[PDB]
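The structure under discussion appears below in the form of structure tokens.
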Amino acid sequence: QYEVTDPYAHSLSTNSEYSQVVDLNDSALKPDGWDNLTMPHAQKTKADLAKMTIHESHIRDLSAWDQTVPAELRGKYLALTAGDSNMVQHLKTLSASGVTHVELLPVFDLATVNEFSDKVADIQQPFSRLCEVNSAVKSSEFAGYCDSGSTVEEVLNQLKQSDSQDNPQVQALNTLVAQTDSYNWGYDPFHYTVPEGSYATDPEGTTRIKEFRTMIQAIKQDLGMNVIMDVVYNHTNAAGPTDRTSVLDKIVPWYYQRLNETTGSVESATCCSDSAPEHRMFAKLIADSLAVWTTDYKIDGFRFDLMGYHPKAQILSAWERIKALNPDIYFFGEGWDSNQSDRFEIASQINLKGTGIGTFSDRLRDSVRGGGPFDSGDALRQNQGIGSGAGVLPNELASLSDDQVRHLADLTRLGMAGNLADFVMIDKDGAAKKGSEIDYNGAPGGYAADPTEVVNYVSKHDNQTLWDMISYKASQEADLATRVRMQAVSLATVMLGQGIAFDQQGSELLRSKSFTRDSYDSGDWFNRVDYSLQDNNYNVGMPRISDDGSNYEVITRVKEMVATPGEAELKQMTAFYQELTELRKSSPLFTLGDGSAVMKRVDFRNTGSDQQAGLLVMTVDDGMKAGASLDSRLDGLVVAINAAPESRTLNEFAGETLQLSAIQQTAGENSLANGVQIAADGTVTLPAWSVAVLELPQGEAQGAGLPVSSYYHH
Amino acid sequence: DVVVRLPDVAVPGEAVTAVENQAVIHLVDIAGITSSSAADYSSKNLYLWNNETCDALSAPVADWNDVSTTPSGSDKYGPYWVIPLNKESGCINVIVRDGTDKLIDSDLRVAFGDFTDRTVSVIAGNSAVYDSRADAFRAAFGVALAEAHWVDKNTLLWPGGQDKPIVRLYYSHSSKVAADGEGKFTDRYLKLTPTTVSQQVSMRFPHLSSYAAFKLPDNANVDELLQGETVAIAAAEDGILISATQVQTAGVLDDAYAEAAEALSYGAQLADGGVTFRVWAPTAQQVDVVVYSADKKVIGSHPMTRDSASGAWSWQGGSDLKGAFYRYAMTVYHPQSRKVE
Amino acid sequence: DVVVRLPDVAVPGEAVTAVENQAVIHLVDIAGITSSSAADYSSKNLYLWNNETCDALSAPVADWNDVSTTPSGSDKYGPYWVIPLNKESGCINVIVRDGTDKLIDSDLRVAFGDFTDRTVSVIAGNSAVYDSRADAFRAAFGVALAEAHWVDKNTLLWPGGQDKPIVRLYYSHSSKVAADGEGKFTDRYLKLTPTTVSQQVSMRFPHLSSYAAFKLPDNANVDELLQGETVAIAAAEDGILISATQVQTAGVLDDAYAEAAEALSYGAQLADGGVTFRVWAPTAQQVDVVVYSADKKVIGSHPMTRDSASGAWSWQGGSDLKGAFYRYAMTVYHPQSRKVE
Ligand SMILES: [Ca+2]
Ligand SMILES: [Ca+2]
Ligand SMILES: [Ca+2]
Ligand SMILES: [Ca+2]
């Protein structure tokens, strides 16, 4: 006998203690002209979808450190309205250069942050506040600071001075702060269909609904970008008849949760309390929830956390259902193997071929970044990537073979061509192979029917930041300048590829987490994004012992290898990032959308057994043999990525009349193509760590362009 | 019945890079790579010679009977010759031979200002020069050039199919004839049989009289074949592709339709009783008259009637059409783009 | 119905070589290699400890709750631990775990005088130590050991098949159950279903009462199954082999034949009315009495009559046989040699 909140609650009291009766259609809950708000970017066709350029952001990560954001709006939905802030104006410029979508890390009702202001303390506030809220701090190695008139932020910078692998004092205090902070990613669902209240100015009542909507209007109208909501239907924060956060398991016990076949214990494969999307009423809950975010919140797309735990049939059912409210809605998620195939056909990368549901591709990710997740110790240095200089510029610990390096080129190329199962290419050995025939750790590399089913990335909230990975993987020889270009080169593989471009907020500012792997509860300190551009937050302390202690020896070996970026380097990287996105939006040839278009137009050079390492050369046809003239200005495209310390030569386009992109020519000395030579005789000289978009201008009519080998079909 | 398939061989990577004051020519041996057996490249030689045009050679043999210029080495893909040079600038005259017989029809002229690397590749009877062994191999094992000639309803002329065990006419109405993910030629085909050039044909096409003649089956539906793509394929006894080429069909178009077509009137023939629109398009899949206003807005779109004897398309409309603008909306396979335009 | 097949994975090659005053133990992860997905080896730890017998360890954690001894690295094949040593001589005590739970049933004792290289490999629940990851992998993906127990007509006890999606009883009359050139288990089988150990069984075999019970199909021809080889197979939902083991059949032999067999007389029973030869051989494919002279020359070879209820074979001859020498000529599958002897 207990009182439970509604699983279908649409409004709540502070800390979700009581559900509230609400009418989301009320003008009172709408910012002015909400009813006439439209999606700034189209999502109707595969070609519309392929244009998608995602920036995965977090509410605190955006405004927690930005001083130009009024104090009371920092770490709030309303922060996006601070038109005159470093953060808002930064997003405004990124949007203008080609970032199309904003992905929001958990903004539904999370369980893991106390919504009562006075039961919480952040680093911005005095150390005394920390001790008042946190009992543990009063009985720890920092108890002495409760007496000091200094803030937690202050004390943290003081601890840096003597922070080392043998004395990890910065992270020790942070661990304690993290229990009473306002910082969590939020992958802990309390209520699926209510916004989080801690990101609101007042969490008591409906205030959150108008504020969230206000943020949506700002993103779409004032920043001119679509919205993607990160969703977590795979688990609930808790189950059982006692947990405060158990809602679903208190109402229909043993129904909503996935239980072990023998013991009836709630399974925890996802972490936490495994939900059962395979059961009819929970599948209904998921669909009804998405309906609300779709029409009442005007969300453009959804990213499903651990989507492999859901039955493919459920995802498709929800999708058809949501399409009736918004026909141009996009669904994508993490389609990794969940090990639920004994129970149902899982919503995996493989199983979703041709469904329309997109999945994150780990193939290009791992090839460009180097190694894979779960890498620990010296493997974090040993497993270099195309972008860390695997093969071309090895580090002292590296032992990667020529074939091993060539195979990463094979996986990267396949990814750049939208990771398709049927795309034919010339492998590391000179064999003609379908994408599905190229291995990826025992799995078929290519798996998709259309590039719109693939999301390429080299950085995300989870795992090491791109910069941190380069810091672990780059040769002692790679100076700050080459490592900045290494970041850009890594990003070019995503930005200039047929698949959907996704990236972590901050990659344009060489974002660092000072080697933190799982920054979910590493607070404002480690997850800091400086929008005033003074630094990338690198070397700000040893990361969490619990999860990164096993990597301290590797961190010390690499940490001091190169200088920390400053205003100049961050500005250099932003310029490069804006270049790449501008390029992506510069031709319909970059975003073909249809798998058949990719196969009829996309091909690669510098392929085979004899290939030059680090040189990625992609050709896109707009010539007569491809079909219709897609770009009225071009006949074809060339993407050249020289991820090598030696400058390279391109004699492939013998006598072809090419020109560097106007986008890159305008950039000049600040271009990634700075120094690219195009000889009258069609020979291209590519400088080290450079990216060039060579374009084939169209004459007075569609000529023959860059026709594909047409070596195989199907 | 044998399936035509690609050879299970990786794409080649030069094997030899041309160094200072010396060029390298690769012979991409098709017969050599289709064979799991080793080849004797002794018979292979280059007749090299200096002239007013291409004089960059160093010590070229004068004697035409001199077969001494044998390969400077070999591998699976074929032989190669490391040719010594006088100057790294200019060009050289190469005649690729197997004894005292030209392998490449045309006299090659290797312009070093066209191939910066001086590492070049050639295929027998190809006339073309490639910068790579790969570029050559791809060309060799692809539908390439338009070597075959459908000269009459029954006859297909092709020197490439001469003495070959498998000679076929592959076709596809709405797609290109190609090799699948397994490297097989699955598209519909017709079996060709060796024949002799007709007296009537020799008259019409004296420039092809020497070309190898092939008889098409009697069941062949000439009309529907000309509706789309046709490709001439030559293969081994085992079905490994030797050659795949596009087909030149003007000869058959004259032989199948011209007699009837010649007896008709063309254009937008406005006479008493209205206006007859007639266009000859014997290969077109569809033809429509599109009628436009003075503002060039569509006033009518009329699908035309095809006369099978002639391949002419017609459409009759009122005398009201006097002064109307029009164009024919075509649906036709173009061999240059290999698509149904 | 799913085909049981081998995993498409090359045989491993150690990845890490043990150096001076340090040993290396490889965990060959079966679940890890059957999966095209990456694995989290955090939960994996070794409880290492020094005792009067195996004291060569350097600084072993005392705390049993200490899961801190996590892998020193990993790859596709599984994790590994680089264990620091005190002396390169002697032995070490390793308890391989996934949390505070033993992965290998027996406490391992790694004798460095048995494995010269100090690079050793182990599989979960295997108890055995391999010199190579290869030797382990081969053992893992093979018919290995005799883990399964056919205890009665209907019941097969096997801990290895516990919670596994595919549990089968493969059989072959005249050959060994194996994987073909494609790595598939093509031999005839029976589908096993999870059941509980019978009260009657628990009495008979208390030492197996904890073992996972499986019900055989009702159509199962027990008699003909015991004529040759049987192998218990456990596979993934997709059919990738987890385990293949030989079957111990004494239990079923007692349950199927002993009641009848117990009521008969054995030997060369010479009585009034002649001599009855009887041998119990319920698995034998064939039994013959071979009768010998005093010089040990064959005087007669008589194929015996099998009683199906008992599995006993008999043959009746004259009282003339008093004093004759004899042996039984057997045709029988021996599980030690895996052949029909
Ligand atoms: Ca909350
Ligand atoms: Ca927290
Ligand atoms: Ca399960
Ligand atoms: Ca064009």
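By convention in this document, the chains of the structure tokens carry letters A, B, ... by their order, each chain's residues are numbered from 1, and ligands are numbered from 1 in the order they are shown.
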
*asked:* Neighbouring residues of ligand 3 are defined here as those with any atom at most 12 Å from a ligand atom, counting only C-alpha atoms and all ligand atoms; list them as a list in words.
replied: residues 258, 259, 260, 261, 262, 266, 267, 268, 269, 274, 276, 309, 338, 339, 340, 341, 342, 343, 344 and 346 of chain A; 163, 164, 165, 236 and 237 of chain C

*Taking the chain letters and numbering used in this document, name the residues of region 191-389 of chain A that DSSP puts in alpha helix (DSSP H), as a ChimeraX atom specification.*
/A:207-217,248-251,280-295,312-323,362-369,379-382

Report as a PDB file with N, CA and C atoms, in the first residue's frame all protein, DNA and RNA residues lying within 12 Å of residue 686 (chain A), evaluated on only C-alpha atoms, omitting residues in the same chain fewer than 6 positions from it.
ATOM      1  N   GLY A 614      47.649   7.034 -44.920  1.00  0.00           N
ATOM      2  CA  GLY A 614      47.118   8.339 -44.531  1.00  0.00           C
ATOM      3  C   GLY A 614      46.499   9.176 -45.641  1.00  0.00           C
ATOM      4  N   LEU A 615      46.573   8.720 -46.899  1.00  0.00           N
ATOM      5  CA  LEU A 615      45.972   9.458 -47.993  1.00  0.00           C
ATOM      6  C   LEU A 615      44.602   8.873 -48.319  1.00  0.00           C
ATOM      7  N   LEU A 616      43.559   9.681 -48.084  1.00  0.00           N
ATOM      8  CA  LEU A 616      42.181   9.301 -48.360  1.00  0.00           C
ATOM      9  C   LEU A 616      41.693  10.168 -49.495  1.00  0.00           C
ATOM     10  N   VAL A 617      41.409   9.528 -50.632  1.00  0.00           N
ATOM     11  CA  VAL A 617      40.989  10.210 -51.852  1.00  0.00           C
ATOM     12  C   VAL A 617      39.630   9.686 -52.303  1.00  0.00           C
ATOM     13  N   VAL A 639      37.625  14.677 -52.669  1.00  0.00           N
ATOM     14  CA  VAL A 639      37.962  14.936 -51.284  1.00  0.00           C
ATOM     15  C   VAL A 639      39.331  14.279 -51.062  1.00  0.00           C
ATOM     16  N   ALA A 640      40.320  15.085 -50.685  1.00  0.00           N
ATOM     17  CA  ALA A 640      41.643  14.563 -50.409  1.00  0.00           C
ATOM     18  C   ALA A 640      42.028  14.891 -48.986  1.00  0.00           C
ATOM     19  N   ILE A 641      42.312  13.848 -48.200  1.00  0.00           N
ATOM     20  CA  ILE A 641      42.715  13.967 -46.810  1.00  0.00           C
ATOM     21  C   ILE A 641      44.101  13.353 -46.686  1.00  0.00           C
ATOM     22  N   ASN A 642      45.128  14.195 -46.429  1.00  0.00           N
ATOM     23  CA  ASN A 642      46.495  13.715 -46.245  1.00  0.00           C
ATOM     24  C   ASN A 642      46.826  13.689 -44.753  1.00  0.00           C
ATOM     25  N   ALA A 643      46.517  12.554 -44.118  1.00  0.00           N
ATOM     26  CA  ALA A 643      46.730  12.297 -42.709  1.00  0.00           C
ATOM     27  C   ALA A 643      48.129  11.692 -42.515  1.00  0.00           C
ATOM     28  N   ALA A 644      49.150  12.380 -43.064  1.00  0.00           N
ATOM     29  CA  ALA A 644      50.558  11.966 -43.043  1.00  0.00           C
ATOM     30  C   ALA A 644      51.499  13.159 -42.786  1.00  0.00           C
ATOM     31  N   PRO A 645      52.683  12.963 -42.142  1.00  0.00           N
ATOM     32  CA  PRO A 645      53.578  14.113 -41.910  1.00  0.00           C
ATOM     33  C   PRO A 645      54.354  14.545 -43.152  1.00  0.00           C
ATOM     34  N   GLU A 646      54.447  13.665 -44.175  1.00  0.00           N
ATOM     35  CA  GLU A 646      55.110  13.956 -45.455  1.00  0.00           C
ATOM     36  C   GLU A 646      54.069  14.539 -46.448  1.00  0.00           C
ATOM     37  N   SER A 647      54.463  15.517 -47.258  1.00  0.00           N
ATOM     38  CA  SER A 647      53.521  16.061 -48.234  1.00  0.00           C
ATOM     39  C   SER A 647      53.363  15.044 -49.386  1.00  0.00           C
ATOM     40  N   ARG A 648      52.165  14.972 -49.977  1.00  0.00           N
ATOM     41  CA  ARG A 648      51.887  13.984 -51.016  1.00  0.00           C
ATOM     42  C   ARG A 648      51.529  14.532 -52.372  1.00  0.00           C
ATOM     43  N   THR A 649      51.531  13.648 -53.396  1.00  0.00           N
ATOM     44  CA  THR A 649      51.232  14.035 -54.774  1.00  0.00           C
ATOM     45  C   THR A 649      50.080  13.230 -55.412  1.00  0.00           C
ATOM     46  N   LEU A 650      49.282  13.921 -56.241  1.00  0.00           N
ATOM     47  CA  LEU A 650      48.108  13.362 -56.895  1.00  0.00           C
ATOM     48  C   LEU A 650      48.179  13.523 -58.384  1.00  0.00           C
ATOM     49  N   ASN A 651      48.616  12.445 -59.047  1.00  0.00           N
ATOM     50  CA  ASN A 651      48.745  12.363 -60.505  1.00  0.00           C
ATOM     51  C   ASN A 651      47.562  11.604 -61.124  1.00  0.00           C
ATOM     52  N   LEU A 660      40.431  24.397 -56.447  1.00  0.00           N
ATOM     53  CA  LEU A 660      40.205  24.258 -55.014  1.00  0.00           C
ATOM     54  C   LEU A 660      38.883  24.950 -54.689  1.00  0.00           C
ATOM     55  N   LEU A 672      42.626  24.566 -44.362  1.00  0.00           N
ATOM     56  CA  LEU A 672      43.138  23.232 -44.157  1.00  0.00           C
ATOM     57  C   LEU A 672      43.832  22.819 -45.432  1.00  0.00           C
ATOM     58  N   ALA A 673      43.539  23.533 -46.522  1.00  0.00           N
ATOM     59  CA  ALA A 673      44.131  23.304 -47.833  1.00  0.00           C
ATOM     60  C   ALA A 673      45.308  24.252 -48.061  1.00  0.00           C
ATOM     61  N   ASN A 674      45.636  25.122 -47.063  1.00  0.00           N
ATOM     62  CA  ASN A 674      46.731  26.086 -47.177  1.00  0.00           C
ATOM     63  C   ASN A 674      48.015  25.411 -47.675  1.00  0.00           C
ATOM     64  N   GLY A 675      48.404  25.767 -48.902  1.00  0.00           N
ATOM     65  CA  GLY A 675      49.584  25.210 -49.556  1.00  0.00           C
ATOM     66  C   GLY A 675      49.323  24.173 -50.629  1.00  0.00           C
ATOM     67  N   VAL A 676      48.044  23.777 -50.820  1.00  0.00           N
ATOM     68  CA  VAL A 676      47.616  22.815 -51.848  1.00  0.00           C
ATOM     69  C   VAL A 676      47.926  23.392 -53.231  1.00  0.00           C
ATOM     70  N   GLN A 677      48.692  22.639 -54.027  1.00  0.00           N
ATOM     71  CA  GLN A 677      49.091  23.075 -55.358  1.00  0.00           C
ATOM     72  C   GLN A 677      48.328  22.325 -56.417  1.00  0.00           C
ATOM     73  N   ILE A 678      47.760  23.064 -57.375  1.00  0.00           N
ATOM     74  CA  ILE A 678      47.106  22.429 -58.508  1.00  0.00           C
ATOM     75  C   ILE A 678      47.840  22.907 -59.741  1.00  0.00           C
ATOM     76  N   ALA A 679      48.699  22.025 -60.310  1.00  0.00           N
ATOM     77  CA  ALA A 679      49.486  22.317 -61.508  1.00  0.00           C
ATOM     78  C   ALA A 679      48.584  22.339 -62.703  1.00  0.00           C
ATOM     79  N   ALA A 692      41.683  18.857 -48.741  1.00  0.00           N
ATOM     80  CA  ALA A 692      41.333  19.621 -49.935  1.00  0.00           C
ATOM     81  C   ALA A 692      40.081  19.118 -50.612  1.00  0.00           C
ATOM     82  N   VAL A 693      39.240  20.043 -51.042  1.00  0.00           N
ATOM     83  CA  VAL A 693      38.043  19.713 -51.802  1.00  0.00           C
ATOM     84  C   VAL A 693      38.337  20.217 -53.205  1.00  0.00           C
ATOM     85  N   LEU A 694      38.690  19.297 -54.106  1.00  0.00           N
ATOM     86  CA  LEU A 694      38.996  19.677 -55.475  1.00  0.00           C
ATOM     87  C   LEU A 694      37.719  19.479 -56.262  1.00  0.00           C
TER      88      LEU A 694
END

Using the chain letters and numbers from this document, which residues of region 174-314 of chain A does DSSP assign to strand (DSSP E or B), as a JSON list (two decimals) with N, CA, C and O atoms, in the first residue's frame?
[["chain", "number", "residue", "atom", "x", "y", "z"],
["A", 189, "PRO", "N", 16.09, 7.56, -15.98],
["A", 189, "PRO", "CA", 14.69, 8.03, -16.09],
["A", 189, "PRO", "C", 13.83, 7.88, -14.86],
["A", 189, "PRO", "O", 13.72, 6.78, -14.31],
["A", 190, "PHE", "N", 13.20, 8.99, -14.44],
["A", 190, "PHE", "CA", 12.22, 9.02, -13.33],
["A", 190, "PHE", "C", 10.82, 9.02, -13.99],
["A", 190, "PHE", "O", 10.03, 8.09, -13.79],
["A", 191, "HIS", "N", 10.56, 10.04, -14.86],
["A", 191, "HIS", "CA", 9.34, 10.18, -15.66],
["A", 191, "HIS", "C", 9.75, 10.47, -17.11],
["A", 191, "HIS", "O", 10.54, 11.38, -17.36],
["A", 192, "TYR", "N", 9.28, 9.65, -18.04],
["A", 192, "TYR", "CA", 9.66, 9.78, -19.43],
["A", 192, "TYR", "C", 9.10, 10.97, -20.18],
["A", 192, "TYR", "O", 9.68, 11.37, -21.20],
["A", 193, "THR", "N", 7.94, 11.48, -19.75],
["A", 193, "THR", "CA", 7.22, 12.50, -20.51],
["A", 193, "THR", "C", 7.07, 13.87, -19.82],
["A", 193, "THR", "O", 6.08, 14.60, -20.02],
["A", 194, "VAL", "N", 8.04, 14.22, -19.00],
["A", 194, "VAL", "CA", 8.08, 15.51, -18.33],
["A", 194, "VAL", "C", 9.50, 16.04, -18.50],
["A", 194, "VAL", "O", 10.45, 15.26, -18.35],
["A", 195, "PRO", "N", 9.69, 17.35, -18.75],
["A", 195, "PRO", "CA", 11.06, 17.88, -18.80],
["A", 195, "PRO", "C", 11.71, 17.79, -17.43],
["A", 195, "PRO", "O", 11.01, 17.75, -16.41],
["A", 226, "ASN", "N", 17.62, 22.52, -36.03],
["A", 226, "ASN", "CA", 16.61, 21.54, -35.61],
["A", 226, "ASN", "C", 16.99, 20.99, -34.21],
["A", 226, "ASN", "O", 18.10, 21.24, -33.74],
["A", 227, "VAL", "N", 16.09, 20.21, -33.57],
["A", 227, "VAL", "CA", 16.32, 19.61, -32.23],
["A", 227, "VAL", "C", 16.19, 18.08, -32.22],
["A", 227, "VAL", "O", 15.19, 17.52, -32.71],
["A", 228, "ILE", "N", 17.17, 17.43, -31.64],
["A", 228, "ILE", "CA", 17.16, 16.00, -31.43],
["A", 228, "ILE", "C", 17.16, 15.77, -29.91],
["A", 228, "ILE", "O", 18.01, 16.31, -29.20],
["A", 229, "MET", "N", 16.21, 14.96, -29.43],
["A", 229, "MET", "CA", 16.19, 14.61, -28.02],
["A", 229, "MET", "C", 16.73, 13.21, -27.83],
["A", 229, "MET", "O", 16.30, 12.26, -28.49],
["A", 230, "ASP", "N", 17.69, 13.10, -26.91],
["A", 230, "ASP", "CA", 18.30, 11.85, -26.49],
["A", 230, "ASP", "C", 17.24, 11.16, -25.56],
["A", 230, "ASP", "O", 16.74, 11.80, -24.62],
["A", 231, "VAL", "N", 16.84, 9.91, -25.88],
["A", 231, "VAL", "CA", 15.82, 9.18, -25.12],
["A", 231, "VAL", "C", 16.33, 7.90, -24.49],
["A", 231, "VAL", "O", 17.24, 7.28, -25.04],
["A", 235, "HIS", "N", 15.88, 1.34, -19.85],
["A", 235, "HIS", "CA", 15.84, 1.09, -18.43],
["A", 235, "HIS", "C", 15.03, 2.15, -17.69],
["A", 235, "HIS", "O", 14.68, 3.19, -18.25],
["A", 236, "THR", "N", 14.73, 1.87, -16.43],
["A", 236, "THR", "CA", 14.10, 2.77, -15.48],
["A", 236, "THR", "C", 15.20, 3.02, -14.44],
["A", 236, "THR", "O", 16.12, 2.19, -14.38],
["A", 257, "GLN", "N", 9.49, -4.31, -16.25],
["A", 257, "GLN", "CA", 10.90, -4.66, -16.17],
["A", 257, "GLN", "C", 11.18, -6.02, -16.80],
["A", 257, "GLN", "O", 10.33, -6.93, -16.71],
["A", 259, "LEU", "N", 12.93, -9.41, -16.42],
["A", 259, "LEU", "CA", 13.34, -10.28, -15.31],
["A", 259, "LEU", "C", 14.07, -11.54, -15.77],
["A", 259, "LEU", "O", 13.76, -12.12, -16.82],
["A", 266, "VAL", "N", 15.14, -8.30, -11.49],
["A", 266, "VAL", "CA", 15.15, -7.35, -12.61],
["A", 266, "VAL", "C", 16.55, -7.37, -13.16],
["A", 266, "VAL", "O", 17.51, -7.22, -12.40],
["A", 269, "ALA", "N", 21.42, -5.52, -17.45],
["A", 269, "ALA", "CA", 22.32, -5.51, -18.61],
["A", 269, "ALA", "C", 22.65, -4.11, -19.10],
["A", 269, "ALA", "O", 23.78, -3.87, -19.51],
["A", 271, "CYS", "N", 22.76, -1.45, -17.23],
["A", 271, "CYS", "CA", 23.13, -0.87, -15.93],
["A", 271, "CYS", "C", 21.74, -0.94, -15.34],
["A", 271, "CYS", "O", 20.77, -1.26, -16.05],
["A", 273, "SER", "N", 17.91, -0.75, -14.10],
["A", 273, "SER", "CA", 16.75, -1.62, -14.14],
["A", 273, "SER", "C", 16.17, -1.80, -15.51],
["A", 273, "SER", "O", 15.35, -1.00, -15.97],
["A", 274, "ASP", "N", 16.60, -2.86, -16.18],
["A", 274, "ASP", "CA", 16.19, -3.19, -17.53],
["A", 274, "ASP", "C", 14.68, -3.18, -17.73],
["A", 274, "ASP", "O", 13.96, -3.96, -17.11],
["A", 275, "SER", "N", 14.20, -2.30, -18.63],
["A", 275, "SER", "CA", 12.81, -2.20, -19.00],
["A", 275, "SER", "C", 12.50, -3.27, -20.04],
["A", 275, "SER", "O", 13.43, -3.87, -20.60],
["A", 301, "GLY", "N", 13.80, 15.00, -34.02],
["A", 301, "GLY", "CA", 14.39, 13.67, -34.06],
["A", 301, "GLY", "C", 14.69, 13.12, -32.69],
["A", 301, "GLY", "O", 14.81, 13.88, -31.72],
["A", 302, "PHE", "N", 14.82, 11.78, -32.62],
["A", 302, "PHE", "CA", 15.08, 11.04, -31.39],
["A", 302, "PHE", "C", 16.21, 10.07, -31.51],
["A", 302, "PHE", "O", 16.27, 9.34, -32.48],
["A", 303, "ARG", "N", 17.12, 10.07, -30.51],
["A", 303, "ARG", "CA", 18.27, 9.15, -30.38],
["A", 303, "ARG", "C", 18.02, 8.21, -29.20],
["A", 303, "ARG", "O", 17.99, 8.64, -28.04],
["A", 304, "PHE", "N", 17.83, 6.94, -29.52],
["A", 304, "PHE", "CA", 17.53, 5.93, -28.52],
["A", 304, "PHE", "C", 18.78, 5.39, -27.83],
["A", 304, "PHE", "O", 19.66, 4.82, -28.50],
["A", 311, "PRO", "N", 13.16, -4.43, -29.22],
["A", 311, "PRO", "CA", 12.84, -5.24, -30.42],
["A", 311, "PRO", "C", 12.69, -4.35, -31.65],
["A", 311, "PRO", "O", 11.94, -3.37, -31.62]]

*Could I get the residue neighbourhood of ligand 4 at 12 Å, counting only C-alpha atoms and all ligand atoms, as a ChimeraX atom specification?*
/A:587-589,601,620-637,695-706

*Enumerate as number ranges by chain the residues belonging to chain A that approach chain B to within 7 Å, with only C-alpha atoms taken into account.*
A: 430-431, 609-610, 624-625, 712-714

Just write the chosen residues, N, CA and C atoms, as a short mmCIF file (atom, residue, chain, number, x, y, z; two decimals), in the first residue's frame.
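Saved result, result-v3.cif, follows:
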data_model
loop_
_atom_site.label_atom_id
_atom_site.label_comp_id
_atom_site.auth_asym_id
_atom_site.auth_seq_id
_atom_site.Cartn_x
_atom_site.Cartn_y
_atom_site.Cartn_z
N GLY A 430 44.04 -5.46 -52.56
CA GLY A 430 43.75 -5.31 -53.99
C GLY A 430 42.53 -6.08 -54.47
N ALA A 431 41.83 -6.80 -53.56
CA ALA A 431 40.60 -7.52 -53.91
C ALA A 431 39.39 -6.58 -53.94
N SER A 609 46.92 -2.71 -52.53
CA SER A 609 48.05 -3.21 -51.77
C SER A 609 49.19 -2.20 -51.73
N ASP A 610 49.40 -1.50 -52.85
CA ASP A 610 50.45 -0.50 -53.07
C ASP A 610 50.15 0.91 -52.50
N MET A 624 27.56 12.55 -66.79
CA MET A 624 26.53 11.90 -67.60
C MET A 624 26.30 10.39 -67.30
N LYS A 625 27.36 9.67 -66.90
CA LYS A 625 27.23 8.26 -66.69
C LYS A 625 26.56 7.96 -65.37
N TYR A 712 31.90 -4.20 -59.80
CA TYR A 712 30.83 -5.14 -59.44
C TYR A 712 29.47 -4.40 -59.28
N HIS A 713 28.32 -5.14 -59.24
CA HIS A 713 27.01 -4.55 -58.96
C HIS A 713 26.21 -5.16 -57.74
N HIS A 714 25.04 -5.77 -58.07
CA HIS A 714 23.99 -6.49 -57.31
C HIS A 714 22.61 -5.92 -57.34
#

_One-decimal distance in Å that lies between CA of residue 160 (chain B) and CA of residue 172 (chain B)_ =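 Between CA of residue 172 (chain B) and CA of residue 160 (chain B) the gap works out to 21.1 Å.
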
*asked:* Taking only C-alpha atoms and all ligand atoms into account, which residues have an atom no farther than 9 Å from ligand 1? I'd like them as a VMD selection string.
replied: chain A and resid 14 to 16 108 to 115 186 189 to 191 194 to 198 203

*Near region 272-286 of chain C, within 7 Å and counting only C-alpha atoms, which residues show up once chain neighbours fewer than 3 positions away are dropped, as a count of residues only?*
18

Spatial neighbours of region 206-209 of chain C, max dist 8 Å, only C-alpha atoms, sep filter under 3 positions, as a PDB file with C-alpha atoms, in the first residue's frame:
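After the write, selection-v4.pdb holds the following:
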ATOM      1  CA  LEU C 157      23.018 -34.680 -17.166  1.00  0.00           C
ATOM      2  CA  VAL C 197      16.842 -34.574 -11.859  1.00  0.00           C
ATOM      3  CA  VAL C 201      18.335 -40.635 -10.447  1.00  0.00           C
ATOM      4  CA  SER C 202      19.411 -38.574  -7.351  1.00  0.00           C
ATOM      5  CA  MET C 203      19.494 -41.841  -5.340  1.00  0.00           C
TER       6      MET C 203
END

*Could you report the residues within 7 Å of ligand 2, using only C-alpha atoms and all ligand atoms, as a list in words?*
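Sorted by chain and then by number, the residues are residues 112, 113, 178, 179, 180, 181, 182, 183, 184 and 521 of chain A.
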
_From A:432, A:409, A:306, A:691, residue lying nearest residue 486 (chain A) [only C-alpha atoms]_ =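 Of A:432, A:409, A:306, A:691, the one nearest residue 486 (chain A), counting only C-alpha atoms, is A:691.
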